[PDB]
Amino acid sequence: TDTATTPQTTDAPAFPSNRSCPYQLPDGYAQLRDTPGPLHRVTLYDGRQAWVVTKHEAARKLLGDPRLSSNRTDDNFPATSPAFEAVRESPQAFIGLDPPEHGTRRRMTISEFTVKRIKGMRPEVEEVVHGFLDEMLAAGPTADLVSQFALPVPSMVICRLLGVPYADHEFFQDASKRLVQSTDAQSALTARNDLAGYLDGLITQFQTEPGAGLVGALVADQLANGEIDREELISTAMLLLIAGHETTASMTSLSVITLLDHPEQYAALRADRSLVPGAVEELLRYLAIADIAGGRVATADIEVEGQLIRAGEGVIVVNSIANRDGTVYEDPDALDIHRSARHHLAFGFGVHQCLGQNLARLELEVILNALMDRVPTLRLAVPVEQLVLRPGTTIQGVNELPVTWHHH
């Protein structure tokens, strides 16, 4: 059988790409960033072509365009790995809904994420952060920052918000990781079913004995009024549980790696804590850990600066690339905790903009202040070159981060 004997250059490169450095664009993404025009063709894992959005203002425009639907069950939604077919087959939380249905479900959860509520959560967050730090610092001279700090902290916080008992954390933390990091459909489906069966039992328990937290409130109110389906409640709680776990944990580990590679800026941050909120925004822009959250499908033709998105085409708004748009962020590939990182897209834009964004901002501020206060000598226990980054088909991050510090 004959083989390929011609040049292999394509104008639709394979997407997504994997990071080789935790805080820099994959080489292929830098190329997309540099090509003029808002859109570029890519080839997804199964050979199907899709569009990516690579510029900041076009990304805002298209995330705001109701002709780009968030319906993951659509046959033309841009799947980036075989594991996505698990979500195409499963019931949908409001992240997969379009207006008006999106708003009726999202509004059932917003009361837990208001600015006033986030402010009232600071003592619990600080207590949780410092508690896990107490344990880690006492347990040995080295640690895995991920399993001992980065993951348990947001896990405990989101479980309190939801009413999910932390006694079961080994089970649902493992199931959350399996679902988010699954590479095939069968392991994704099993992880989803594991969480679904758990949450289903929690719902019945709350119907017997009304419970705390957001799940308790949805059971007692919207579910008892038929305003949400039981299966929808499960999907909604599952989305909040997984996002509340995995996103902040990834930001924590990648922020530590990044700050230790920029010691001048880390030292400036320690000397002036009023810089921490701005540094968190810059880290969000720079690390942009959730490109997998940009998929859309066109329900009508859309004209974009001379290019045409046709009805039925998949579109991925790649916020990591849009966040490196030099017409918005001067010298976009430089970390600068003093820059204005305003208007970044790490949380999206428009009706689906991250519900948890200010909880995440609170958590990362408390976490960075606590690391600088309690472990100012924190350092990586292995070279950055020995770390293993997750692939571009999931939330960016590291699954293990060996660290050490000065003893007690």
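What we label the rigid core is the largest C-alpha set whose atoms superpose within 1.5 Å from one form to the other. Sequential numbering from 1, following the sequence displayed.
- For 329-337 versus 139-147, the mean Cα distance to the shown form in 5 other deposited structures of this protein after rigid core alignment is larger for 139-147.
- Relative to the displayed structure, the C-alphas of 175-183 lie farther away on average in 5 other deposited structures of this protein than those of the other candidate, with 258-266 and 175-183 compared after rigid core superposition.
- Looking at mean Cα B-factors across 167-175 and 231-239, the upper value is held by 167-175.
- Of the two segments examined, 62-70 and 34-42, it is 34-42 that shows the higher average Cα temperature factor in the deposited entry.
- The PDB entry assigns the greatest CA B-factor among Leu151, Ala185, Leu335, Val256 to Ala185.
- Take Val87, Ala220, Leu97, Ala196 and read off each C-alpha B-factor from the entry; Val87 has the highest.
- Ranked against the other modelled residues of its chain, the C-alpha B-factor of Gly226 as given in the entry falls in the lowest third.
- For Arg361, the recorded CA temperature factor ranks within the lowest third of the chain's modelled residues.
- Looking at the C-alpha B-factors along this chain, the one for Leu345 belongs to the lowest third.
- When the modelled residues of the chain are ordered by their C-alpha B factor, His130 lands in the highest third.
- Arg107: CA B factor lies in the lowest third for its chain, per the PDB record.
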